[PDB]
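# Close look at the chain arrangement
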Amino acid sequence: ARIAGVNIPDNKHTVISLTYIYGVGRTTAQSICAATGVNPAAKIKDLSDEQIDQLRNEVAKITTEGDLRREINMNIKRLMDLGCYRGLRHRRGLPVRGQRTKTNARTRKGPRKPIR
Amino acid sequence: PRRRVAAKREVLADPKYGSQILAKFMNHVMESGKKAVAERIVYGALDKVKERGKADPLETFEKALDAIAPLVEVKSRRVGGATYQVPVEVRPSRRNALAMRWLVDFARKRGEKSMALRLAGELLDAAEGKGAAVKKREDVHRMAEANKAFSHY
Amino acid sequence: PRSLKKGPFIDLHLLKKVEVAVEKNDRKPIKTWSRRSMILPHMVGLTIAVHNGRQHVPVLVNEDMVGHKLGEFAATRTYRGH
Amino acid sequence: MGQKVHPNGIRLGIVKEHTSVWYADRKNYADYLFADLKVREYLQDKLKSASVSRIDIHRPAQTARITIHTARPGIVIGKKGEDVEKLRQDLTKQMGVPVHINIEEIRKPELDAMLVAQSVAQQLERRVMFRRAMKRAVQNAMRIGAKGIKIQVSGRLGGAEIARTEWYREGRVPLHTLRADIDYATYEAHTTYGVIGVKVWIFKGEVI
Amino acid sequence: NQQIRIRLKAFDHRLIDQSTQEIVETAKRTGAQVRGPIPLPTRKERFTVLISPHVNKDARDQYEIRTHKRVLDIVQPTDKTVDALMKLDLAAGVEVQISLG
Amino acid sequence: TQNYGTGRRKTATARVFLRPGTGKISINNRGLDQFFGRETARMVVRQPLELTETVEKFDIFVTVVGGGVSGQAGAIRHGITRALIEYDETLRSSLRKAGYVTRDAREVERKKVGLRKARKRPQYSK
Amino acid sequence: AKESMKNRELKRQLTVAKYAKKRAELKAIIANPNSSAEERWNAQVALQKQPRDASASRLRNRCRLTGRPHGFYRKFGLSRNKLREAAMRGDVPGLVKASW
RNA sequence: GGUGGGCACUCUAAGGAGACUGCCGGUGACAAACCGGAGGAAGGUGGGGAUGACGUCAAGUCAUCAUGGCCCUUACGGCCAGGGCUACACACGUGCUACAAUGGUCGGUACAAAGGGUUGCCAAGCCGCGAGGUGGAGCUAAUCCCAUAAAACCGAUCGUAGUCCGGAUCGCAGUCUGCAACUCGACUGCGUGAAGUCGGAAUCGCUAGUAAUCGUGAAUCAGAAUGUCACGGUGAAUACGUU
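Residues numbered from 1 in each chain as written, not as in the entry; some residues may be left out. Chains lettered and ligands numbered in written order. Part of a larger assembly, values for the part shown. Heavy atoms only, no water. Residues with missing side-chain atoms left out of burial classes, pairs and counts.

For this coordinate set, the PDB header names cryo-EM as the determination method and states a resolution of 2.46 Å.

### Overview of the overall build of chain G
Looking only at helices and strands, one finds four helices and two strands in chain G. Listing every helix and strand of chain G by position from the N terminus yields α-α-α-β-β-α. Considering only contacts within chain G whose residues lie at least 6 apart along the sequence, 39% involve residues at least 24 apart. Only carbon and sulfur atoms are counted for the fraction: they give 52% of the accessible area of chain G, which is about 6000 Å². Each charge sign in chain G was given a centre, from 25 positive and 8 negative side chains, and these centres are 7 Å apart. (Helix = DSSP H or I, 4+ residues; strand = E, 2+ residues; numbered from the N terminus. Contact = heavy atoms within 4.5 Å. Areas by Shrake-Rupley, 256 points an atom, 1.4 Å probe, with all protein chains shown as cover. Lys, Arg positive; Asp, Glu negative; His and termini not counted. Charge placed at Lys NZ, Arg CZ, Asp CG, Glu CD.)

### Regarding the interface of chain D and chain G
With 19 residues of chain D at the interface, the matching set in chain G holds 16 residues. Carbon and sulfur atoms make up 60% of the area that chain D and chain G hide from each other, which totals about 1600 Å². When the buried surface of chain D facing chain G is broken down by residue, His18, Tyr29 and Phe34 of chain D rank first, second and third, together holding 30% of it. Run the count over chain D and chain G and you get one salt bridge. Salt-bridge contacts for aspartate 91 of chain G lead to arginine 40 of chain D; the nearest nitrogen and oxygen are separated by 2.9 Å. The interface formed by chain D and chain G includes nine residue pairs in polar contact. Broken down by element, the side of chain D that touches chain G gets its largest block of residues, seven residues, from helix α1 (residues 27-46) of chain D. Its residues placed into classes, the side of chain D that touches chain G shows eight nonpolar, seven polar and four charged. (Buried area = accessible area lost by both parts, 1.4 Å probe. Salt bridge = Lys/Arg side-chain N within 4 Å of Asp/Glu carboxyl O. Polar contact = N/O pair within 3.5 Å; in protein donor to acceptor, adjacent residues only side chain to side chain. Nonpolar A, V, L, I, M, F, W, Y, C, P; charged D, E, K, R; others polar.)

### Structural notes on the interface of chain C and chain A
Counting residues at the interface gives eight residues for chain C and five residues for chain A. Across the chain C to chain A interface the summed buried area is about 610 Å²; carbon plus sulfur atoms make up 66%. Three residues, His68, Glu72 and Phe73 of chain C, lead the burial of chain C against chain A; their summed loss comes to 52% of the area buried on that side. The tally of links from chain C across to chain A stands at zero salt bridges. At the surface where chain C touches chain A, the tally comes to two residue pairs in polar contact. A breakdown of the residues in the side of chain C that touches chain A according to their chemical character gives two nonpolar, three polar and three charged.

### Comments concerning the arrangement of the chains
Contacts are most numerous between chains D and G, considering all eight pairs of chains that are in contact. In this view chain B stays clear of chain C, with the nearest C-alpha atoms of the two still 42 Å from each other. Separated in space, chain A and chain F share no contact, their closest pair of C-alpha atoms being 19 Å apart.

### Observations regarding the packing of aromatic side chains
A full pass over the atoms with the stated rule returns 14 aromatic pairs over all chains. Ring plane angle 35 degrees and centroid distance 5.7 Å describe the contact between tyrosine 17 of chain B and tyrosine 43 of chain B, whose orientation is recorded as tilted. Separated by 26 residues along the polypeptide, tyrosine 17 of chain B in the segment before α1 (20-28) and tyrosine 43 of chain B in helix α2 (residues 35-51) bring together distant segments of the chain. With a centroid separation of 6.2 Å and an interplanar angle of 50 degrees, the aromatic rings of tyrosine 29 of chain D and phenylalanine 76 of chain G are classed as tilted. In this pair, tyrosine 29 of chain D is assigned in helix α1 and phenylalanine 76 of chain G in the loop between β1 (72-73) and β2 (78-79), connecting two distinct chains. (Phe/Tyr/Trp six-rings, centres within 6.5 Å; stacked < 30°, edge-to-face > 60°.)

### Observations regarding the sheet that holds strand β2 (residues 52-58) of chain D
All names here are of chain D. Read across the sheet, four strands follow the order β1-β2-β3-β4 without closing on themselves; strand pairing throughout is mixed. Strand pairing shows two members of the sheet lacking a second neighbour, β1 (20-21) and β4 (99-105), which therefore form its edges. On top of the sheet, α1 reaches β1, β2 and β3 (64-70); it is set at about 150 degrees to β2, its chief contact. (Pairing = 2+ DSSP bridges. Axes fitted to C-alpha atoms, helices over the stretch in contact; angles between N-to-C directions.)

Here is the structure:
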């Protein structure tokens, strides 16, 4: 029900519910469920408490949720104070990995402004 | 303008019911040329129709299409410098085809789980004459019988 | 990026300049056109003037920015805004 | 202007044969072809005085045979076959592979597109009226036995400022029937006011 | 020697066809019989080239070269037949490959 | 004894042998039900032996190569049709009226230069 | 045309062949896992005093007469425009345009 | 088919035959021809392609090339290093991927054509989750490699949710090429998970193996396709009719 401080879905498979945790993907959930023994294809309601605790242990050894968001922000911060090219794109919100930035480039900038 | 006779395509009968009328229904529900996928829908749909009442899923198809196929329809027509929607009778070759049109189109927009039971859902829902495809038939019939003033071709 | 088995790549004329500088402690700017050289762990404290197409931008070496390229700290295009 | 494909190319497998007839696989293929076009450029470079029309290059196994068609073999060949030995020396070092030179006599220079284009272009270099050069050329082919000839010339004709395209055609010039044998050639005349292009079609008959 | 194999390649099928028959003719009448000319699949390399010097991408010419191949296996090659064939002086546009003796 | 026929639909060719037998089929050493997972083609092979009453008359050996799902189905379908015309002569009229002796000449067209595919030309603006 | 690029390309062409067998075997040491450090370092150093024209990546494969660097084909070694005029005249063997 | 063996079949590649309104009926000036049928694989130029009449736009190309005139001659010529051609408050054009269950995921299980390969194709085996590394067979090739086709089918799961749809974006760590992946390559794995739930006026493509959809190969190329060219798989609707 509650893993790493986040309530995962109760009416979904363990391998799919575990993906809700910030830091756990499809492979990590598969990796977690294989290391613990909990079967991927059982809903969360019909797993015993001791198996919830066992699943809770596997996630805790993995960087997840706040500390992963904590970890990410220095990595962005460590760049923008560095003054290099990748940091400068991070402080303006443009293509970081050399995208076209000419026509679309609108994952970053948000929306188009009227006044041209 | 054209002089062509177009082309006369023939449809082979279905392998599970021996009725070419289902062949063009299969021909209508097609998407991206996936013949095998779509025929799984109709037979599963026909099993659902057969399992829920009736005696033969093929005869209620016959019952369904007449309740969908209109007997009249207008077309845009310009004679006196203006558009007159002259109601015209629908030929037998077109009424059944457009009957197969409106069954899938309105069942595709239904809220049921899958098309397998969604065309099937409309099939009995249209056979009794209270479905949206039945509803679409009468408003077309409502489009005519009011523009009856224009009867010149 | 560059393969680990090939090792990281720095121009030897720069490598000569860095090796001379550390044993000299001149602390003077190093004027170079090699923006493509990887950043060694061992010129921390030296300043390097990296060419950006027209001028040599002086860059001060730290430890967090070890491992980058010398060109990442020398902008080559000027926007200034619309 | 782009309406018509090259008349000889459209029939390169029907009634016309390739000038270079040989085989090579990948890289000798690249080198051999470069050798042919250069010496073909060279062959016309030395004997522009001679009436050279077709240069066939046959390459058997590790040997190259050059076939040169001329309307005046007395110039390419020298005193008792002396000059021709001189030419065979600088191809056999330009090509590499040894070269054997075969010279044939073009019986009707007026029935060959190259020399007719050669004659008209060379005459136009002497500021003779473009009109008279073409009329003379077409009747020469017609009287000798050609069944059709069209000659087209373009580009600052007569020293005019605005270029134009004037063409004279006699007899039948199908240019669409693949089976019909068509002789086609182009020459660019370099006058004092620019470049004057000459196009000649010569129809010799149906190939049944 | 033992089942002499030759490999024939030509850009023109007419050139390769006449080349096979003359090899057959030089094979018979010398006390040896031929297996027959095996038609090998034709390989053509394709090249799409644009014909305009500037722009006009839609104006192109499609080109082809035809590679024809034959096997024409030789069975029981007599001694007076083996030395009557490599000294052939023909096939300007065709290449003759000698294999298996 | 055996009766042979060759059928082609799009790019596949079928070699059928109508030796006398009870009713069995053999396509590439596998049966009709196992080789061909779709029952529609299962008629396609067998419609020719249903129109003419020969459903249980031979153990037909078939081999096919090339083509696709329906492409093989038509190629083998054209396979037997010639075989009964080889097996006897009175079924030619019955098979021709059904359009079975005719070889389907429809094939995939050559892609065009300046064209995305067969006849669809790229979207253009005024 | 622009013969100066033709001169540059031939100058590159002479340089790659001159250092071909040195550059190749030096790269072999780098790529060989058996050649460990302190000798692969000698190898990767050995490339960089080469005139930098010995890299085969610096060739543009221009046309053989006109030197055009865009419409090139390795099979004929020629520019696209020089391809069509040579193919049109029957100069190149066996090339007859396609229809199918 | 792997071993003898066979020259039957597919297939391969060369010649031919075959379709020509040839015949029949009707109509039509008795003429052209049209409407159908028989036969036939193909019926009315069977399908596709190449083929573009005299001419028009002083259309484009002096940057493929050539070329008259003009222009520069320590530079408007040449060499080199770095940068830019890839920037980006926006707009327009052309495509790809999506909004999902006619589907995603997992497992099993089939059916093609075409092309490339000796400065090359990188098999078997082994190592690594993976991109890849080692290894070196065989192959100048219908012989060996690229090379596993995918949609489709059969079972399980998901159950209509911005979701087991979507994978743009960012972070970390890598592989390969290349002297050198900062500007400015591709690919991989682990994380994250945007807009997007079918799209206004308006507008475009398509009449049969076509549209629609799914993969495959090649050119350019050290490396770099959603573009170009080419191939096959599954496979339609509609044409009353010319205002």
